[PDB]
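J.: Sending over a structure as C-alpha cells; questions will come in a sec.
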Amino acid sequence: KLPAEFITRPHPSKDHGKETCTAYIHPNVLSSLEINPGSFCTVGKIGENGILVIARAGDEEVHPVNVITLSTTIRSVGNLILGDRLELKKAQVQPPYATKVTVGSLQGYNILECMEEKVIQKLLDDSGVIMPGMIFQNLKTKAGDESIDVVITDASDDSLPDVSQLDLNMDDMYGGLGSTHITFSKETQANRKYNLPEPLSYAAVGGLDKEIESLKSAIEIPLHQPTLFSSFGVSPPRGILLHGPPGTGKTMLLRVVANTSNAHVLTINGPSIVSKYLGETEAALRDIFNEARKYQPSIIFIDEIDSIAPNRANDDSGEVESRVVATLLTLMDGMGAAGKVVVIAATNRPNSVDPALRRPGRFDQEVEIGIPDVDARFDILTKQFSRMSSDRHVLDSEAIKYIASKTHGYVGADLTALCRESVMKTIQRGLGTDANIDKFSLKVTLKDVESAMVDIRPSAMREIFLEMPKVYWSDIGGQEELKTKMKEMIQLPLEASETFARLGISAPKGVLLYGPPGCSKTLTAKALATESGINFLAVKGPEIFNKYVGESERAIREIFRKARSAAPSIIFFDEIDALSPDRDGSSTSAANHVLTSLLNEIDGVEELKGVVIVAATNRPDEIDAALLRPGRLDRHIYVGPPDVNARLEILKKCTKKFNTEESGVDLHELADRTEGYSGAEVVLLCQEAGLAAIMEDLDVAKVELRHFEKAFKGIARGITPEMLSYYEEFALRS
Amino acid sequence: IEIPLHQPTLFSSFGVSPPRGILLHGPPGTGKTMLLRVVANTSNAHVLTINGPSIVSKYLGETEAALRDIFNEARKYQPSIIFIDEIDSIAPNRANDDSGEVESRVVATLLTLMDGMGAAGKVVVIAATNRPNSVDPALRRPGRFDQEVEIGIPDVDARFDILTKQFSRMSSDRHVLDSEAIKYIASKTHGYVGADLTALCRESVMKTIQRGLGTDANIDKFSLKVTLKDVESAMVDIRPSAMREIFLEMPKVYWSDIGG
Ligand SMILES: Nc1ncnc2c1ncn2[C@@H]1O[C@H](COP(=O)(O)OP(=O)(O)O)[C@@H](O)[C@H]1O
C-alpha cells in the first residue's frame, strides 16, 4: 500500500511459466493503480520514458511489495541490473500488430537449419513478447547440446509514438507443439538505429588482464563457493579496493561485474545519500545493509569512497564525517558469518582514504590499476578499432603499433577521446573538402590521427611511472666491458636468488653510474629495459622536488611501494648530483629529510631482495659519505667517453641514412680525427653536417667531406682534460 | 576484572572508592575488542555496549537521557559489565577542537555520573581507545581511569605463539608446517601485528585458491593443503602499514656473530 519505488528480482523456478509477463506485484499496488490484471503493466525504472509495456499477473501474497519480478529475458534485454530502482506507471495504448521479426544468432556462426526444429512456435508462444528484445536459454535442441542465443532487434514496423523505447506490437501466430513472411534471414547483431544500451562484456576491456583474472577469482570465491572457504574458519574477505589514476576504468570493472553477475547488487549514489540530518544518512545506510543481508547473494558497490570517507587527520570537516565511517565498519564487521557478500569500492587516490578503511580488517584485498603500458595501449587500440570495424576505418597493425609507441603517457580515457575527436576531425575535413559527401568514403586514416595527437591536450604528463621507448643494442655503440659488467649485475639476482639464499651473499642492490656529461650512462637504462624485458622506473631527479613540504617524501615512498609491489624490477635514477649534496652546498631541511629517508629505505633495517637500485650521476663528489657507504651502491662504473670503436659505430649508424660510398669516406679517418668528442657530440656533428649538406640545393643524396670538416670547425667538444683527471682521481679513491 | 566485581567486600572494608575504569590502549589491530569479547563471554554478569556516534542524536538532552538510562539499568542489576568503545570520537580533547553541540558536556556528565553514587558497589567500566591522548586529560585521571593496561606490538615470542595458536586451531588437516617454519615466519614478520598475521594467513589461503584453480585444474584443496610458497608471497603482497612506529624490536644475533 502507498508505494514509492520498486526493486527487481529474477523469476524463480526457471522452466517456462510466464518468462515474459511474470510481474508478481502485491495486489494492493495493483488495486492502487486501478490496473486490469488482464492488461499490460508499465514500469519505468526512474526515467527513460516508454516505461517497458509488459503484461502482468498476480502473486501468491508472499512476495513483498518493494520487490518485483519481470523475467530474466526482460532483465537482459533492458540491461536491467539487480538492485536498480523501478517505478510503475499506467499502461499506454494497445500494440497493433507485428510485421516481420528476424533472428540474429548472437555469438555464433548460425546455420541453425539442422537444429531449428520450429523455434518460432516456442519463441512466439509466450504472452506479451516485445519484439526487438528477447533472449532465451539454449534449452534442449536435438543432439549437440551447446548454447545458442539470437538477436531480434531488427524490425521494419513503424509506430506513431516515439515515447516507447522498443515499440512492442501484437502477436498472432498459428502452430502446434502461420508466421509472417518467415523470420530467419542474415546473422545481424543488435541494430544501431535503436541506440539500445548494449551489455558490457569482459572482451571490451583490453590490456588489463593480469589483474582482471585476480579480481574475478577474488569476487567469485566468496559468492559461488562460500562453504569451501568457510570450512577453513578464517572467513572470506568482504572488501575489494580498486585504485589507480583517473580514467583507468574502475567504473568499467564495476559495470562489467554488475552485468556478468546473476546475483543481486547494491550501488550507492554518493553525495545523494549525504543529507543535512545526521540520522538520515545512518538510517539510509542501515536500510541498505538490511536489504543487502536480507537477499542472501548480494554485492555492494561504492563510488568515490574518498569523498564519503575523508581522512580525519587531514581535515576535520564535521557533520557528515568519520561517524559514518564508524557505523559502516561496525555494520560490515558482523553483518554475517559466511553468507555470500562482497563490497567493491573504487577510489581515485588511496592515500586520501582514511586509515580505518585501509586496514586488513575490511579492505585487505586490493587491486592496482596503473596507467596502460605499450602492450595494453596496443591491445585497447586493437579492441577500440574492432568496435568501429574495418568498414568505418582502414587501420592496419603497423599503424596501431606506431600509435601505441607514440602515445606513451596517455590514459585509457584519453585514447577514446582521441578516437572521438579524430572522427570529429574527419567530419570537418570531409565537409570542408568533399562538399557534404557520404562520410563512409573518407572514413578514418592516420592523417587526422596525427593532428589528434597534436591537439589532444593530454593530462597524464605529470607522473612517476615514465617508461622510455624500447631501444635495442644496435642503437648503442659503447664499450663491451661495461656491457658485460651490467649484464652480470642484472643476471645475478634473477637466476641466482636461490644461489644467494643458499650462500647468504644476497645482492649488492646498488650500482653507481658516474661519468662525463656525454652518453652511455642514461640510454644504457633504456637498453637494459629493452634487453631484459622487465618494467623499469625511469624517475627523473629534479621532478621529485616539490614546493610542498613532505610531498617528495610521499612520492618516493609511493614509488618504493610500487616497485616492491610490481615484482623484482630495476629502478633507475636519471640524476642524483642535485639531491645528494647537503654539506658541500647549502640545501633545505627537506632535502636532508628526503636523503635520510632514502638511506633508511635502501639498506636501513629493511632489506629488499627482488628490486635492484641503480644510480646515475653527473658529478660524483655530490654524493655524501652517508649514502656512499659499504653495503650499498658499492659498484662503481667509470663510463668515460666512448672509444674509437664506439664512436665509429655511432658515426656509421648516423650516416646509414646517407650514402658513404658516394661521399668516399671510409668512416675511419673521421673517427680518428673525432677522438675527443662524445657520442652525443658525434650525433650533433653529423646532424649539423647534414644540415650544411642540405642547405645548398634542398634535398641531397649524400653528405660531402667538405661539409663534415666545415661542421668540424663550427662545433667544439667543450670538454676539458681537468674534469677527466678529476673523474680519474675519484675512481682511484673508490 | 575479578577483584572489584567478584569480591567487593574486601575493598569495601577499606572504603576508599575502588576503581571503575580500565584502560585498554595500544596500536590498532592488537586484539583489543576480541579480548574484551572473551571477558564478556566468560563472565555471567550483565554487559552494555555503546555504539558511540550512533547513540549521539541531534537533540541535546536525548543523548543525556539515553545514557543516564543505560547507567540506570546498568546499576539496577548488581552484576554488570560496562564496555566503552571508540572513545576517541565519544570524548575528543576539549582544547584541541571546540566543535560544540555534542562536546565535553557529555564528558562532564559521564564524570559526575561515575563519580556520583559509586561508593563500593560492583561496577567496572572497560575503556578501549587507539591513541590515548585523544581522550581528554579529565578522563585520563586517577579519578576516572586510574587503571592502565599496556598492549603493544607482539615480539618474536608472541608472534610465534599466536601463529602456533591460529594454525593449531585451524588444524593440521589443512596445512603442513613445523616449528622451525613458524619461527622463521615470526622472525620475518618483524613489524606486523596480529591483524596483519591473520591477513597473512588469509592471503596464503587465497594464493592457494589462485594457484589451486589456475594450475591443477580444479583439483581437491585437501590433496594441496597449505605450504610456505604461497605464504611467502602473501607477506610480499600484504602491503604492510605497521612500518611506522617509534617502537622497533630490531633483529637478534647471538655471541657467535660477535667479532671483537
Ligand atoms: N647515439 C645517440 N643517439 C641519440 N641520442 C643519444 C645517443 N647517445 C646518447 N644519447 C642521448 O643523450 C643523453 C645523454 O644524457 P647525459 O647528458 O649523459 O645526462 P646528464 O646531463 O645527466 O649527464 C641520453 O639521455 C640519451 O638519450
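Within each chain, counting starts at residue 1; across the C-alpha cells, chains are named A, B, ... in the order shown, with ligands numbered 1 upward in that order.
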Could you list the protein, DNA and RNA residues that have any atom within 9 Å of ligand 1, counting only C-alpha atoms and all ligand atoms, and write them as number ranges by chain?
T.: A: 475-477, 514-524, 526, 574-577, 616-619, 647, 650-651, 653-654, 678-684
J.: For the residues selected in the previous step, produce a file with N, CA, C and O atoms as a short mmCIF file (atom, residue, chain, number, x, y, z; two decimals), in the first residue's frame.
T.:
data_model
loop_
_atom_site.label_atom_id
_atom_site.label_comp_id
_atom_site.auth_asym_id
_atom_site.auth_seq_id
_atom_site.Cartn_x
_atom_site.Cartn_y
_atom_site.Cartn_z
N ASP A 475 71.48 0.18 -31.57
CA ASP A 475 71.48 1.64 -31.46
C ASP A 475 72.66 2.13 -30.64
O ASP A 475 73.28 3.14 -30.98
N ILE A 476 72.98 1.43 -29.55
CA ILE A 476 74.01 1.88 -28.62
C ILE A 476 75.36 1.34 -29.07
O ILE A 476 75.55 0.13 -29.21
N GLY A 477 76.31 2.25 -29.30
CA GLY A 477 77.68 1.87 -29.54
C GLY A 477 78.57 2.26 -28.38
O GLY A 477 78.83 3.44 -28.16
N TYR A 514 78.78 7.08 -12.61
CA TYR A 514 79.37 8.40 -12.64
C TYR A 514 80.29 8.52 -13.85
O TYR A 514 81.09 7.62 -14.12
N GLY A 515 80.16 9.62 -14.58
CA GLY A 515 80.95 9.83 -15.77
C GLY A 515 80.77 11.21 -16.37
O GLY A 515 80.04 12.05 -15.85
N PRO A 516 81.45 11.46 -17.49
CA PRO A 516 81.34 12.77 -18.13
C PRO A 516 79.93 12.99 -18.65
O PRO A 516 79.21 12.04 -18.97
N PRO A 517 79.49 14.25 -18.74
CA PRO A 517 78.14 14.55 -19.25
C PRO A 517 78.02 14.31 -20.75
O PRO A 517 77.69 15.20 -21.55
N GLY A 518 78.31 13.08 -21.16
CA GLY A 518 78.25 12.69 -22.55
C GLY A 518 77.12 11.73 -22.84
O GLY A 518 75.96 12.14 -22.98
N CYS A 519 77.44 10.44 -22.93
CA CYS A 519 76.45 9.41 -23.22
C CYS A 519 76.85 8.15 -22.45
O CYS A 519 77.69 8.19 -21.55
N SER A 520 76.21 7.03 -22.81
CA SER A 520 76.47 5.69 -22.30
C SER A 520 76.09 5.51 -20.84
O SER A 520 76.29 4.41 -20.30
N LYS A 521 75.55 6.53 -20.17
CA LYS A 521 75.13 6.40 -18.79
C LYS A 521 73.65 6.71 -18.57
O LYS A 521 73.17 6.56 -17.44
N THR A 522 72.92 7.12 -19.60
CA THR A 522 71.49 7.38 -19.49
C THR A 522 70.67 6.47 -20.40
O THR A 522 69.70 5.86 -19.94
N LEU A 523 71.04 6.37 -21.68
CA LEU A 523 70.36 5.45 -22.59
C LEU A 523 70.73 4.00 -22.33
O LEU A 523 70.07 3.10 -22.87
N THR A 524 71.75 3.74 -21.51
CA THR A 524 72.04 2.37 -21.10
C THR A 524 70.89 1.78 -20.30
O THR A 524 70.64 0.58 -20.36
N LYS A 526 67.69 2.47 -20.90
CA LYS A 526 66.73 2.07 -21.92
C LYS A 526 67.15 0.77 -22.59
O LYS A 526 66.32 -0.11 -22.85
N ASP A 574 67.73 9.22 -13.08
CA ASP A 574 68.37 9.99 -14.14
C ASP A 574 69.55 10.80 -13.61
O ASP A 574 70.60 10.85 -14.25
N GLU A 575 69.40 11.43 -12.45
CA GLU A 575 70.50 12.16 -11.84
C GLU A 575 70.33 12.15 -10.33
O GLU A 575 69.21 12.12 -9.82
N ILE A 576 71.46 12.18 -9.62
CA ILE A 576 71.47 12.23 -8.17
C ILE A 576 72.40 13.31 -7.63
O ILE A 576 72.42 13.54 -6.41
N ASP A 577 73.15 13.99 -8.49
CA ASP A 577 74.10 15.01 -8.05
C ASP A 577 73.44 16.29 -7.56
O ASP A 577 74.15 17.23 -7.19
N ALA A 616 72.56 6.94 -11.34
CA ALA A 616 73.39 7.61 -12.32
C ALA A 616 73.56 9.07 -11.91
O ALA A 616 72.58 9.73 -11.56
N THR A 617 74.80 9.56 -11.95
CA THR A 617 75.11 10.92 -11.54
C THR A 617 76.05 11.57 -12.54
O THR A 617 76.81 10.89 -13.24
N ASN A 618 75.98 12.90 -12.62
CA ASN A 618 76.86 13.68 -13.47
C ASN A 618 78.06 14.24 -12.72
O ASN A 618 79.03 14.67 -13.36
N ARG A 619 78.02 14.26 -11.39
CA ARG A 619 79.13 14.73 -10.58
C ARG A 619 79.23 13.87 -9.32
O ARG A 619 78.28 13.81 -8.53
N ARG A 647 82.67 5.29 -31.16
CA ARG A 647 82.43 6.46 -31.99
C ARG A 647 82.27 6.09 -33.45
O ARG A 647 81.44 6.66 -34.17
N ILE A 650 78.79 4.66 -33.84
CA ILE A 650 77.79 5.73 -33.77
C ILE A 650 77.77 6.52 -35.08
O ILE A 650 76.70 6.84 -35.61
N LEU A 651 78.95 6.84 -35.62
CA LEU A 651 79.01 7.57 -36.88
C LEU A 651 78.45 6.75 -38.03
O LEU A 651 77.76 7.29 -38.90
N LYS A 653 76.10 4.43 -37.81
CA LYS A 653 74.65 4.44 -37.66
C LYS A 653 74.06 5.78 -38.09
O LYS A 653 73.00 5.82 -38.74
N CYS A 654 74.72 6.88 -37.74
CA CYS A 654 74.23 8.20 -38.12
C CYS A 654 74.26 8.38 -39.64
O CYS A 654 73.34 8.98 -40.21
N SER A 678 82.20 13.22 -27.91
CA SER A 678 81.35 12.22 -27.28
C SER A 678 80.34 11.69 -28.29
O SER A 678 80.24 12.18 -29.41
N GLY A 679 79.60 10.66 -27.87
CA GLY A 679 78.61 10.08 -28.76
C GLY A 679 77.52 11.06 -29.14
O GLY A 679 77.16 11.19 -30.32
N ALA A 680 76.98 11.77 -28.15
CA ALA A 680 76.00 12.82 -28.44
C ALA A 680 76.64 13.94 -29.25
O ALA A 680 76.00 14.52 -30.13
N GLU A 681 77.90 14.26 -28.95
CA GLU A 681 78.62 15.26 -29.74
C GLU A 681 78.77 14.80 -31.19
O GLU A 681 78.62 15.60 -32.12
N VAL A 682 79.07 13.51 -31.39
CA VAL A 682 79.18 12.98 -32.75
C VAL A 682 77.84 13.04 -33.46
O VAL A 682 77.76 13.37 -34.65
N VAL A 683 76.75 12.73 -32.75
CA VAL A 683 75.42 12.80 -33.35
C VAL A 683 75.10 14.23 -33.76
O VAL A 683 74.58 14.47 -34.86
N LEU A 684 75.39 15.20 -32.90
CA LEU A 684 75.14 16.60 -33.24
C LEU A 684 76.01 17.05 -34.41
O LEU A 684 75.56 17.81 -35.27
#
J.: Excluding region 87-103 of chain A and any residue of its chain fewer than 4 positions from it, enumerate the residues within 7 Å of it, using only C-alpha atoms, and give them as a ChimeraX atom specification.
T.: /A:5-6,40-46,53,131,150-152,154-157,168-171,180-181,183-185
J.: Out of A:686, A:305, A:228, A:182, which residue has the shortest atom-to-atom distance to residue 352 (chain A) when counting only C-alpha atoms?
T.: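 Going through A:686, A:305, A:228, A:182 one by one, the smallest distance to residue 352 (chain A) is for A:305.
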J.: Find the residues around residue 184 (chain B) up to 12 Å (only C-alpha atoms counted), leave out those fewer than 3 positions away in its own chain, and share them as a PyMOL selection string.
T.: chain B and resi 156-157+159-160+163+177-181+187-190+228+231-232
J.: Please produce a file of the residues just selected, as a PDB file, in the first residue's frame, where the atoms kept are N, CA, C and O atoms.
T.:
ATOM      1  N   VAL B 156      58.865 -11.407  18.979  1.00  0.00           N
ATOM      2  CA  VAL B 156      59.094 -12.667  18.276  1.00  0.00           C
ATOM      3  C   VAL B 156      58.363 -13.807  18.974  1.00  0.00           C
ATOM      4  O   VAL B 156      57.706 -14.635  18.330  1.00  0.00           O
ATOM      5  N   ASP B 157      58.463 -13.867  20.305  1.00  0.00           N
ATOM      6  CA  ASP B 157      57.820 -14.945  21.049  1.00  0.00           C
ATOM      7  C   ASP B 157      56.301 -14.874  20.936  1.00  0.00           C
ATOM      8  O   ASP B 157      55.641 -15.897  20.720  1.00  0.00           O
ATOM      9  N   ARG B 159      54.519 -13.435  18.552  1.00  0.00           N
ATOM     10  CA  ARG B 159      54.128 -13.750  17.182  1.00  0.00           C
ATOM     11  C   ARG B 159      54.208 -15.248  16.917  1.00  0.00           C
ATOM     12  O   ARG B 159      53.323 -15.821  16.270  1.00  0.00           O
ATOM     13  N   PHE B 160      55.257 -15.904  17.419  1.00  0.00           N
ATOM     14  CA  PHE B 160      55.347 -17.354  17.286  1.00  0.00           C
ATOM     15  C   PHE B 160      54.179 -18.038  17.984  1.00  0.00           C
ATOM     16  O   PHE B 160      53.578 -18.973  17.439  1.00  0.00           O
ATOM     17  N   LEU B 163      50.916 -17.462  15.972  1.00  0.00           N
ATOM     18  CA  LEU B 163      50.926 -18.271  14.758  1.00  0.00           C
ATOM     19  C   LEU B 163      50.673 -19.739  15.073  1.00  0.00           C
ATOM     20  O   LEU B 163      49.898 -20.403  14.373  1.00  0.00           O
ATOM     21  N   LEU B 177      53.255 -27.608   8.385  1.00  0.00           N
ATOM     22  CA  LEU B 177      54.366 -26.732   8.737  1.00  0.00           C
ATOM     23  C   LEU B 177      54.869 -27.127  10.117  1.00  0.00           C
ATOM     24  O   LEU B 177      54.070 -27.470  10.993  1.00  0.00           O
ATOM     25  N   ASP B 178      56.183 -27.075  10.304  1.00  0.00           N
ATOM     26  CA  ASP B 178      56.807 -27.478  11.552  1.00  0.00           C
ATOM     27  C   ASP B 178      57.154 -26.246  12.388  1.00  0.00           C
ATOM     28  O   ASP B 178      56.873 -25.105  12.007  1.00  0.00           O
ATOM     29  N   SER B 179      57.774 -26.478  13.548  1.00  0.00           N
ATOM     30  CA  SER B 179      58.060 -25.389  14.477  1.00  0.00           C
ATOM     31  C   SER B 179      59.062 -24.402  13.888  1.00  0.00           C
ATOM     32  O   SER B 179      58.929 -23.185  14.066  1.00  0.00           O
ATOM     33  N   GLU B 180      60.084 -24.910  13.193  1.00  0.00           N
ATOM     34  CA  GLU B 180      61.108 -24.026  12.647  1.00  0.00           C
ATOM     35  C   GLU B 180      60.552 -23.117  11.556  1.00  0.00           C
ATOM     36  O   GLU B 180      60.968 -21.958  11.452  1.00  0.00           O
ATOM     37  N   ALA B 181      59.616 -23.612  10.742  1.00  0.00           N
ATOM     38  CA  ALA B 181      58.984 -22.753   9.745  1.00  0.00           C
ATOM     39  C   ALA B 181      58.198 -21.629  10.407  1.00  0.00           C
ATOM     40  O   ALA B 181      58.241 -20.478   9.956  1.00  0.00           O
ATOM     41  N   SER B 187      60.116 -14.504  12.755  1.00  0.00           N
ATOM     42  CA  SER B 187      61.292 -13.650  12.628  1.00  0.00           C
ATOM     43  C   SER B 187      61.177 -12.727  11.421  1.00  0.00           C
ATOM     44  O   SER B 187      61.539 -11.547  11.493  1.00  0.00           O
ATOM     45  N   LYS B 188      60.679 -13.250  10.297  1.00  0.00           N
ATOM     46  CA  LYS B 188      60.497 -12.421   9.110  1.00  0.00           C
ATOM     47  C   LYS B 188      59.446 -11.343   9.343  1.00  0.00           C
ATOM     48  O   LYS B 188      59.604 -10.205   8.884  1.00  0.00           O
ATOM     49  N   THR B 189      58.368 -11.679  10.053  1.00  0.00           N
ATOM     50  CA  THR B 189      57.298 -10.727  10.346  1.00  0.00           C
ATOM     51  C   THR B 189      57.745  -9.801  11.479  1.00  0.00           C
ATOM     52  O   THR B 189      57.269  -9.860  12.614  1.00  0.00           O
ATOM     53  N   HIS B 190      58.691  -8.922  11.141  1.00  0.00           N
ATOM     54  CA  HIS B 190      59.281  -8.043  12.146  1.00  0.00           C
ATOM     55  C   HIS B 190      58.285  -6.993  12.625  1.00  0.00           C
ATOM     56  O   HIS B 190      58.115  -6.791  13.834  1.00  0.00           O
ATOM     57  N   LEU B 228      54.497 -23.011   2.430  1.00  0.00           N
ATOM     58  CA  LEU B 228      55.109 -21.711   2.672  1.00  0.00           C
ATOM     59  C   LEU B 228      55.307 -20.899   1.398  1.00  0.00           C
ATOM     60  O   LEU B 228      55.468 -19.672   1.477  1.00  0.00           O
ATOM     61  N   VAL B 231      52.428 -18.683   1.182  1.00  0.00           N
ATOM     62  CA  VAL B 231      52.567 -17.851   2.415  1.00  0.00           C
ATOM     63  C   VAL B 231      53.631 -16.778   2.159  1.00  0.00           C
ATOM     64  O   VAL B 231      53.333 -15.588   2.375  1.00  0.00           O
ATOM     65  N   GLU B 232      54.816 -17.199   1.703  1.00  0.00           N
ATOM     66  CA  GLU B 232      55.935 -16.264   1.417  1.00  0.00           C
ATOM     67  C   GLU B 232      55.413 -15.159   0.495  1.00  0.00           C
ATOM     68  O   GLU B 232      55.717 -13.981   0.761  1.00  0.00           O
TER      69      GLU B 232
END
J.: For region 83-88 of chain B, list every protein, DNA or RNA residue within 8 Å, evaluated using only C-alpha atoms, and leave out those in the same chain fewer than 3 positions away; present the list as a PDB file with N, CA, C and O atoms, in the first residue's frame.
T.:
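Result file around23.pdb:
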ATOM      1  N   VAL B  47      26.195  -7.038  30.585  1.00  0.00           N
ATOM      2  CA  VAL B  47      27.102  -6.206  29.806  1.00  0.00           C
ATOM      3  C   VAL B  47      26.289  -5.142  29.086  1.00  0.00           C
ATOM      4  O   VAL B  47      25.077  -5.281  28.892  1.00  0.00           O
ATOM      5  N   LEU B  48      26.967  -4.066  28.694  1.00  0.00           N
ATOM      6  CA  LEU B  48      26.335  -2.970  27.972  1.00  0.00           C
ATOM      7  C   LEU B  48      27.328  -2.396  26.978  1.00  0.00           C
ATOM      8  O   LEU B  48      28.407  -1.938  27.367  1.00  0.00           O
ATOM      9  N   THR B  49      26.964  -2.422  25.700  1.00  0.00           N
ATOM     10  CA  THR B  49      27.819  -1.941  24.623  1.00  0.00           C
ATOM     11  C   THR B  49      27.275  -0.621  24.096  1.00  0.00           C
ATOM     12  O   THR B  49      26.084  -0.517  23.780  1.00  0.00           O
ATOM     13  N   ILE B  50      28.144   0.380  24.006  1.00  0.00           N
ATOM     14  CA  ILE B  50      27.783   1.699  23.500  1.00  0.00           C
ATOM     15  C   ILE B  50      28.269   1.801  22.062  1.00  0.00           C
ATOM     16  O   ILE B  50      29.463   1.624  21.785  1.00  0.00           O
ATOM     17  N   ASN B  51      27.347   2.088  21.142  1.00  0.00           N
ATOM     18  CA  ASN B  51      27.699   2.208  19.733  1.00  0.00           C
ATOM     19  C   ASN B  51      28.490   3.471  19.427  1.00  0.00           C
ATOM     20  O   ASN B  51      29.120   3.544  18.367  1.00  0.00           O
ATOM     21  N   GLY B  52      28.476   4.459  20.319  1.00  0.00           N
ATOM     22  CA  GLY B  52      29.221   5.677  20.117  1.00  0.00           C
ATOM     23  C   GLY B  52      28.407   6.747  19.422  1.00  0.00           C
ATOM     24  O   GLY B  52      27.387   7.219  19.935  1.00  0.00           O
ATOM     25  N   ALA B  91      34.807  11.046  23.211  1.00  0.00           N
ATOM     26  CA  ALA B  91      35.410  12.010  24.130  1.00  0.00           C
ATOM     27  C   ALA B  91      36.615  12.661  23.467  1.00  0.00           C
ATOM     28  O   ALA B  91      37.767  12.316  23.766  1.00  0.00           O
ATOM     29  N   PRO B  92      36.389  13.609  22.560  1.00  0.00           N
ATOM     30  CA  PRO B  92      37.509  14.344  21.963  1.00  0.00           C
ATOM     31  C   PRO B  92      38.112  15.321  22.962  1.00  0.00           C
ATOM     32  O   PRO B  92      37.513  15.672  23.981  1.00  0.00           O
ATOM     33  N   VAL B 125      34.063  -0.518  34.369  1.00  0.00           N
ATOM     34  CA  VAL B 125      33.934   0.099  33.053  1.00  0.00           C
ATOM     35  C   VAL B 125      35.191  -0.230  32.261  1.00  0.00           C
ATOM     36  O   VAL B 125      36.310  -0.002  32.739  1.00  0.00           O
ATOM     37  N   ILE B 126      35.010  -0.768  31.059  1.00  0.00           N
ATOM     38  CA  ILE B 126      36.116  -1.118  30.177  1.00  0.00           C
ATOM     39  C   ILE B 126      36.257  -0.016  29.137  1.00  0.00           C
ATOM     40  O   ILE B 126      35.305   0.287  28.407  1.00  0.00           O
ATOM     41  N   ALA B 127      37.443   0.581  29.068  1.00  0.00           N
ATOM     42  CA  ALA B 127      37.726   1.683  28.158  1.00  0.00           C
ATOM     43  C   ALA B 127      38.700   1.207  27.089  1.00  0.00           C
ATOM     44  O   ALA B 127      39.774   0.689  27.411  1.00  0.00           O
ATOM     45  N   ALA B 128      38.325   1.386  25.825  1.00  0.00           N
ATOM     46  CA  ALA B 128      39.148   0.993  24.691  1.00  0.00           C
ATOM     47  C   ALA B 128      39.364   2.197  23.787  1.00  0.00           C
ATOM     48  O   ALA B 128      38.406   2.894  23.437  1.00  0.00           O
ATOM     49  N   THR B 129      40.619   2.435  23.411  1.00  0.00           N
ATOM     50  CA  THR B 129      40.958   3.559  22.551  1.00  0.00           C
ATOM     51  C   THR B 129      42.190   3.205  21.733  1.00  0.00           C
ATOM     52  O   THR B 129      42.948   2.295  22.076  1.00  0.00           O
ATOM     53  N   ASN B 130      42.378   3.940  20.636  1.00  0.00           N
ATOM     54  CA  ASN B 130      43.518   3.717  19.752  1.00  0.00           C
ATOM     55  C   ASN B 130      44.750   4.475  20.242  1.00  0.00           C
ATOM     56  O   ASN B 130      45.781   3.868  20.545  1.00  0.00           O
ATOM     57  N   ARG B 131      44.655   5.796  20.326  1.00  0.00           N
ATOM     58  CA  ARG B 131      45.749   6.625  20.829  1.00  0.00           C
ATOM     59  C   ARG B 131      45.266   7.379  22.060  1.00  0.00           C
ATOM     60  O   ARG B 131      44.328   8.193  21.957  1.00  0.00           O
ATOM     61  N   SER B 134      43.955  11.248  22.689  1.00  0.00           N
ATOM     62  CA  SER B 134      42.710  11.772  22.138  1.00  0.00           C
ATOM     63  C   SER B 134      41.672  11.972  23.234  1.00  0.00           C
ATOM     64  O   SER B 134      40.948  12.976  23.241  1.00  0.00           O
ATOM     65  N   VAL B 135      41.580  11.021  24.165  1.00  0.00           N
ATOM     66  CA  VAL B 135      40.729  11.204  25.329  1.00  0.00           C
ATOM     67  C   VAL B 135      41.287  12.345  26.176  1.00  0.00           C
ATOM     68  O   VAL B 135      42.501  12.452  26.397  1.00  0.00           O
TER      69      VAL B 135
END
J.: Identify all residues of region 63-190 of chain A in strand (DSSP E) (DSSP on the backbone) and supply them as a list in words.
T.: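 Matching residues, listed in order: residues 67, 68, 69, 88 and 89 of chain A.
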J.: As a PyMOL selection string, please: the residues near region 5-10 of chain B (cut-off 7 Å, only C-alpha atoms, same-chain neighbours under 2 positions excluded).
T.: chain B and resi 1-3+12-13+120-123
J.: Going by DSSP on the backbone, which bits of region 10-180 of chain B are helix (DSSP H, G or I)? Write them as an MDAnalysis selection string, please.
T.: chainID B and resid 10:14 32:42 60:76 87:90 104:114 132:134 142:145 156:170 179:180
J.: Within 8 Å of chain A, which residues of chain B show up when using only C-alpha atoms, listed as a PyMOL selection string?
T.: chain B and resi 53-54+57-58+89+170+174+195-196+199+202+210+236-239+250
J.: Using only C-alpha atoms, which of A:609, A:21, A:630, A:272 sits nearest residue 569 (chain A)?
T.: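 Counting only C-alpha atoms, the residue closest to residue 569 (chain A) is A:609.
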J.: Just want the 12 Å neighbourhood of residue 688 (chain A), counted on only C-alpha atoms, with same-chain residues fewer than 3 positions away dropped. Output as a count of residues only.
T.: 21
J.: Quick one, how far is CA of residue 174 (chain A) from CA of residue 22 (chain A)?
T.: 23.5 Å
J.: Can you work out which one of A:568, A:409, A:271, A:350 has the shortest atom-to-atom distance to residue 461 (chain A), counting only C-alpha atoms?
T.: A:409
J.: Considering only C-alpha atoms, can you say which of A:555, A:578, A:263, A:35 comes closest to residue 351 (chain A)?
T.: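 Going through A:555, A:578, A:263, A:35 one by one, the smallest distance to residue 351 (chain A) is for A:555.
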J.: For residue 101 (chain B), please output as a PDB file with C-alpha atoms, in the first residue's frame all residues within 12 Å (counting only C-alpha atoms; exclusion window: fewer than 2 positions along the same chain).
T.:
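Result written to selection.pdb:
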ATOM      1  CA  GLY A 318      32.449  17.859  10.729  1.00  0.00           C
ATOM      2  CA  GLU A 319      28.790  16.983  10.253  1.00  0.00           C
TER       3      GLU A 319
ATOM      4  CA  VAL B  56      24.506  10.553  19.516  1.00  0.00           C
ATOM      5  CA  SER B  57      21.397  12.385  18.312  1.00  0.00           C
ATOM      6  CA  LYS B  58      20.532  15.918  17.241  1.00  0.00           C
ATOM      7  CA  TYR B  59      18.672  16.675  20.481  1.00  0.00           C
ATOM      8  CA  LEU B  60      20.881  17.998  23.274  1.00  0.00           C
ATOM      9  CA  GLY B  61      19.034  16.121  26.024  1.00  0.00           C
ATOM     10  CA  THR B  63      21.740  11.552  24.497  1.00  0.00           C
ATOM     11  CA  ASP B  97      38.730  21.249  18.963  1.00  0.00           C
ATOM     12  CA  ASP B  98      35.875  23.459  20.168  1.00  0.00           C
ATOM     13  CA  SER B  99      33.365  21.838  17.835  1.00  0.00           C
ATOM     14  CA  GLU B 103      31.036  18.133  23.252  1.00  0.00           C
ATOM     15  CA  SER B 104      32.821  17.945  26.625  1.00  0.00           C
ATOM     16  CA  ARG B 105      29.444  18.381  28.333  1.00  0.00           C
ATOM     17  CA  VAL B 106      28.936  14.661  27.694  1.00  0.00           C
TER      18      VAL B 106
END
